[PDB]
Amino acid sequence: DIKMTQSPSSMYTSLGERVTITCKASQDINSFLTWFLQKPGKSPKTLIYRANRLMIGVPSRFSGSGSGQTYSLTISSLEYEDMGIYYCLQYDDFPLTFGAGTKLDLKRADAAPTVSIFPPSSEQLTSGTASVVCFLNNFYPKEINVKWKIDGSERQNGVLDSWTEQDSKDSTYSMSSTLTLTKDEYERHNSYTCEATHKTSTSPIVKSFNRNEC
Amino acid sequence: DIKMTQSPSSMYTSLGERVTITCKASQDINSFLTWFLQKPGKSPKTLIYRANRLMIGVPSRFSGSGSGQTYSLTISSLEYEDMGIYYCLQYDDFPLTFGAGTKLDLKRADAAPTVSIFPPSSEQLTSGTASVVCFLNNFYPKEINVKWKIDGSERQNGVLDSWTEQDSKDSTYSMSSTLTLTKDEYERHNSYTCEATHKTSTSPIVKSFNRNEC
Amino acid sequence: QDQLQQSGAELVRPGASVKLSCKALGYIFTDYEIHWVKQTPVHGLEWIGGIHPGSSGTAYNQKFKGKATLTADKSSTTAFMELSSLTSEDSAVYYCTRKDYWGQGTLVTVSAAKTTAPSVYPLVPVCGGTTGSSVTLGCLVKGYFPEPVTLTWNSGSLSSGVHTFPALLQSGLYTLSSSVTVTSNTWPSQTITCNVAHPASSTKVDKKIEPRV
Amino acid sequence: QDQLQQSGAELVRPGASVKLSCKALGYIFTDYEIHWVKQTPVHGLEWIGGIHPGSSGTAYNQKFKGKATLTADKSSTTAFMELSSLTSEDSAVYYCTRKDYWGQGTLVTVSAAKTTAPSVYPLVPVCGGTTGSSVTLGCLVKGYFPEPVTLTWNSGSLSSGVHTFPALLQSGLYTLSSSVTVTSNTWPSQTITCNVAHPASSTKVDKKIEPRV
Amino acid sequence: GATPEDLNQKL
Amino acid sequence: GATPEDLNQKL
């Protein structure tokens, strides 16, 4: 298997900036490399083929170079529509192999999350289950840690985490954290705590509530 | 899925020493844990069940403890026949899940490898292929890096690495490294080099040969 | 020069089989190989195999040999891929590609799940409820199948300050949640409703967000 | 209280099926669940499923549902596991277990390979050949199928200073190598031979290690 | 040795 | 656009 080492794997860029993405092959692939891009929820769109041929319909802003093992893809001046994930494809030999992808996101000033905690609802509680929800929204950068604590101790399973992609206007991300329990064990405890770790602060950002009503 | 975090994952021990291995569960497993051991090439042998019951036939040297999430396995005085890999099994809920295993090996004074390089043989060369072999044998500890260099440049695929297990008398390990090429491309180059990195030295230990006969 | 057209979304049962189709339009079908590629969040992109509709030659990735069969019909310029014995790990987006052009992908969901209406719960702020400038309200849509669900706040009227998180699988059923932030003045004096719709079971639910007693 | 006995090593072709058996001896077959577990160097140990021969109840890991069928015959106190549509990733050691007792495991090799005799090459020191106290000689046994191969030096007479590395798969065939170190006095004045045997193709080869011209 | 406890969840 | 080169290895 030819191995494709694509780097960097994630890049924080500004509109209008020149971007360069690379792919080293574990052996010589005789320029049989494609460069494609995939936007969230959309299929792949090839940009370049045979290492340096533009594809019919692709801005001249995209250019590919390299021979042998090291290939590059340059984006001369980055536009909003270029955001997405970039991959390289070697098609010199079988099996065909891909690079891990390069994720592009717009840089911005670091923002701390706005954390909200939601005790279960009565309608859920009268059905047997109990979901405890935590919203960490509008923050930057993407890296975030969320720990759940029931009466002082960490709870690991029962947890479901979901992320939004980078927001088109403010460039921040958002995440919802759901701790799902049964009504009986939710009714066995009192102090539910959501704590998030993020680059914006030294100490965690803590949100809690007491079922006896704080 | 209950997650089983078994640590440590590898331990360098002396005969006669007391060993302790652990398994934390991601939730309370009500003591439904087994402790088993697997020797190279042999099937698993359970030692302990329901957290602390010895199994019929197992030395009293083995003892298991814990409740809730943290379980331990103590080996009071380590014998040669106890060498192998140790795993824990949670069987409280489905799916059943295992720990990553704990590998035991006898500590010893660090020894550097004795490296040998073997140009292909004539019989292979008159068949079309060319295998270049490197033996790194008798060293400690187990961690070793082997890089191949054809005429000054690193070669990545075509490489096959094989390891022996810890040797019963001297406690050292051994490894063979085979670089497989075709005769045509072996005949295109001159200087074949095997270089190994090991804790025993600052600089790599290099072995080479020239096909024009050095 | 034109395009690849793939069959629609497939919902199958564990142990069954699917045959996916890829129609080639606008180029000489017999001069180009068609390749099948699998994509999953866990494993990324992987090559299954490929066929030359011309010579009929096929190549497969070792991992899929015995699982996947590749075929092509020259009369309909349609490459086909058969997958047998499906399990949930086969659940993916599948793509045919010419290496330059790409089909749009067919989603295969391997599940035993049955159509099930979602439970919709209104998430009101915690008791007490801060004296901040704004308030985040929420709504939790639980246990449905299959995707998708559409969710709005005040039947679309409210759309600024909303976040709707991608649905995730939990114990074989989908769960999704969404929040809205409005200023303190708005709520609860103005009512805010969570509208959920699940075409598949023809459920349409509207949920008022009242303050916690 | 006694034991689990598993069927022998299985060599199958990609896309075929295997049924493995696990005989329970020395304990009441109907009071204990029998569980099937998969082991591979890549993934480690994984649970497939399990059955209660008593109640007939079965549970499966989601990853194997649709791939594996579990059954049990009370008259022969034999639990069975069926695997369909095999690919090379199914290649593993399979174990039935009672959670305390373990069967000895059946090796399933999924391959298209055909019985092929190994090529045996003698590895002599590099030209020149040091003035060290000892000399390492070697022997390379290439492209065979299936395992195993037995290898000795001087038909067992030479056994001190020998290393025989576990065989690895290379382009669908097994490769193995072994070295011996002897003192400078010994070689090449004393001849050293590499004896290889491959029961499967009934090949038996002896290879003298002569110095490089 | 052990009894069904070994936890026989499918009993 | 592109021709068979795209490398048609199964031609």
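Parameters and conventions
- Residues numbered from 1 in each chain as written, not as in the entry; some residues may be left out.
- Chains lettered and ligands numbered in written order.
- Heavy atoms only, no water.
- Helix = DSSP H or I, 4+ residues; strand = E, 2+ residues; numbered from the N terminus.
- Rg over C-alpha atoms; globule rule 2.2 N^0.38 Å.
- Buried < 20%, exposed > 50% of the residue type's maximum accessible area, 1.4 Å probe, protein only.
- Contact = heavy atoms within 4.5 Å.
- 1 Å grid on protein atoms, 1.4 Å probe; cavity = no way out; pocket = protein on both sides within 12 Å on 5 of 7 lines; lining within 4 Å.
- Points joined across faces, edges and corners; volume = space filled by probe spheres on them.
- Nonpolar A, V, L, I, M, F, W, Y, C, P; charged D, E, K, R; others polar.
- Salt bridge = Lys/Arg side-chain N within 4 Å of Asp/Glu carboxyl O.
- Buried area = accessible area lost by both parts, 1.4 Å probe.
- Polar contact = N/O pair within 3.5 Å; in protein donor to acceptor, adjacent residues only side chain to side chain.
- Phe/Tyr/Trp six-rings, centres within 6.5 Å; stacked < 30°, edge-to-face > 60°.
- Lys NZ or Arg CZ within 6 Å of the ring centre and 35° of its normal.
- Disulfide = S-S within 2.5 Å.
- Pairing = 2+ DSSP bridges.
- Axes fitted to C-alpha atoms, helices over the stretch in contact; angles between N-to-C directions.

Per the deposited record, X-ray crystallography is how this structure was determined, to a resolution of 2.6 Å.

On to the overall build of chain C, then. Tallying secondary structure elements over chain C gives zero helices and 18 strands in all. Its C-alpha atoms give chain C a radius of gyration of 23 Å, clearly above 17 Å, the size a compact globule of 213 residues would have. Viewed in the frame of its principal axes, chain C has a C-alpha envelope of about 75 × 35 × 30 Å. Counting over 213 residues, chain C shows a buried share of 49%.

Attention now goes to the overall build of chain A. A tally of helices and strands in chain A yields two helices and 19 strands. In terms of overall size, chain A is more extended than a compact globule, its C-alpha atoms giving a radius of gyration of 23 Å where 214 residues would be expected to give roughly 17 Å. By the burial criterion, 49% of the 214 residues in chain A qualify as buried. For chain A, the proportion of contacts with a sequence separation of at least 24, taken over those separated by at least 6, is 58%.

What follows concerns empty space enclosed by the protein. Counted according to the given criterion, the structure contains two cavities of 30 Å³ or more. Each pocket or cavity is described by its volume, and for the largest cavity that value is around 70 Å³. Broken down by secondary-structure element, the contributors of at least two residues to the lining of the largest cavity are β16 (159–163) and β17 (173–182) of chain A together with β16 (173–183) of chain C. A per-class count over the lining of the largest cavity returns five nonpolar, five polar and one charged. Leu160(B), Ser162(B), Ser176(B), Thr178(B), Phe165(D), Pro166(D), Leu168(D), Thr175(D), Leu176(D) and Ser177(D) together form the lining of the second largest cavity.

For the coordinates displayed, the defined rule picks out 32 salt bridges over all chains. Measuring nitrogen to oxygen at the nearest pair gives 3.8 Å for the salt bridge that ties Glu89(C) to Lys63(D). A residue pair is termed interchain when its members come from two chains, as with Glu89(C) in the loop between β8 (78–83) and β9 (92–97) and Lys63(D) in the loop between β6 (58–60) and β7 (68–73). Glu89(C) sits in the partly exposed class, given a relative accessible area of 40%.

Turning next to the interface of chain E and chain D. In this complex, chain E contributes ten residues to the contact, which on the side of chain D involves 15 residues. Across the chain E/chain D interface, buried area totals approximately 910 Å², and carbon plus sulfur atoms make up 43% of it. Interface area lost by chain E to chain D is led by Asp6(E), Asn8(E) and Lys10(E), which between them contribute 65%. The tally of links from chain E across to chain D stands at zero salt bridges. Inspection of the region where chain E meets chain D yields eight residue pairs in polar contact. By residue class, the composition of the side of chain E that touches chain D is four nonpolar, four polar and two charged.

Let us now look at the packing of aromatic side chains. All told, the structure shown has 30 aromatic pairs over all chains when counted by the stated rule. Aromatic pair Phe145(D) and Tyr174(D): ring centres 5.7 Å apart, planes at 10°, arrangement stacked. Remark: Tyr174(D) occurs in strand β16 (residues 173–183) and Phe145(D) occurs in the loop between β12 (134–144) and β13 (150–153); sequence separation between them is 29 residues. Accessibility expressed as a relative area gives 2% for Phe145(D), which makes it buried. Three or more aromatic residues joined by ring pairs form one cluster here, namely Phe36(A), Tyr87(A), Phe98(A), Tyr95(C) and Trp102(C). Over the aromatic face of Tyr186(A) sits the side chain of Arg211(A), whose NZ or CZ is 5.3 Å from the ring centroid. Positioned above the aromatic ring of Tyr32(C) is the side chain of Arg98(C), whose terminal nitrogen or guanidinium carbon lies 3.5 Å from the ring centre.

Below, the discussion takes up the state of the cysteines. Inspection of every chain in the model, using the stated rule, returns eight disulfides over all chains. There is no disulfide at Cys214(A), and the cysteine sulfur nearest it, in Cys127(C), is 7.6 Å away. You can call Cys127(C) partly exposed: its relative accessible area is 29%.

Moving on, we get to the interface of chain C and chain A. On the chain A side, the residues contacting the 41 residues of chain C number 42 residues. Interface area for chain C against chain A, summed over the two sides, is near 3400 Å², with a carbon-plus-sulfur share of 68%. Summed over the three residues of chain C that lose the most area to chain A, namely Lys99(C), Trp102(C) and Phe165(C), the buried surface amounts to 17% of that side. Where chain C touches chain A, the interface holds one salt bridge. Here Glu123(A) and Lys207(C) are joined by a salt bridge, their closest N and O atoms 3.7 Å apart. If you list the elements that add at least two residues to the side of chain C that touches chain A, you get β4 (34–40), β5 (44–51), β11 (119–123), β12 (134–144), β14 (162–164), β15 (168–170) and β16 of chain C. If you tally residues by element for the side of chain C that touches chain A, the top one is β12(C), at five residues. Here the residues of the side of chain C that touches chain A sort into 20 nonpolar, 14 polar and seven charged.

The residue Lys67(C) is located in the loop between β6 (58–60) and β7 (68–73) in this model. From its side chain, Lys67(C) meets the backbone oxygen of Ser84(C) in a polar contact 2.6 Å long. In contact with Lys67(C), other than residues within four places in its own chain, are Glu82(C), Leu83(C), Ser84(C), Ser85(C), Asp90(C) and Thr87(D).

Here the second largest pocket defines a volume of roughly 550 Å³. If you go around the second largest pocket, you meet 25 residues; those closest to its centre are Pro125(D), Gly129(D), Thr130(D), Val135(D) and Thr136(D). Sorting elements by how many residues they give to the lining of the second largest pocket places strand β12 (residues 114–118) of chain B first, with five residues.

A few words on the sheet that holds strand β17 (residues 193–198) of chain D. Residues and elements named next belong to chain D. One open sheet accounts for three strands, arranged β13-β17-β18; its pairing is antiparallel. Both outer strands of the open sheet, β13 and β18 (203–208), are each paired with one neighbouring strand and no more. With strand direction ignored, the average angle separating the axes of adjacent strands in the sheet is 15°. As paired strands, β13 and β17 are joined by four bridges and run antiparallel to one another. Counted as the bridge partner of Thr150 is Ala197 from β17.

Turning our attention to the sheet that holds strand β1 (residues 4–7) of chain A. Residues and elements named next belong to chain A. Taken together, four strands build an open sheet; the order of strands is β1-β3-β8-β7 and the sheet is antiparallel. Whereas interior strands pair on both sides, the edge strands pair on one side only; in this sheet they are β1 and β7 (62–67). Between one strand axis and the next, the sheet turns through 15° on average, direction left out of account.

Looking at chain B next to chain F, you find no contact at all, with the nearest C-alpha pair sitting 20 Å apart. There is a gap between chain D and chain F: no contact, and a shortest C-alpha distance of 19 Å.

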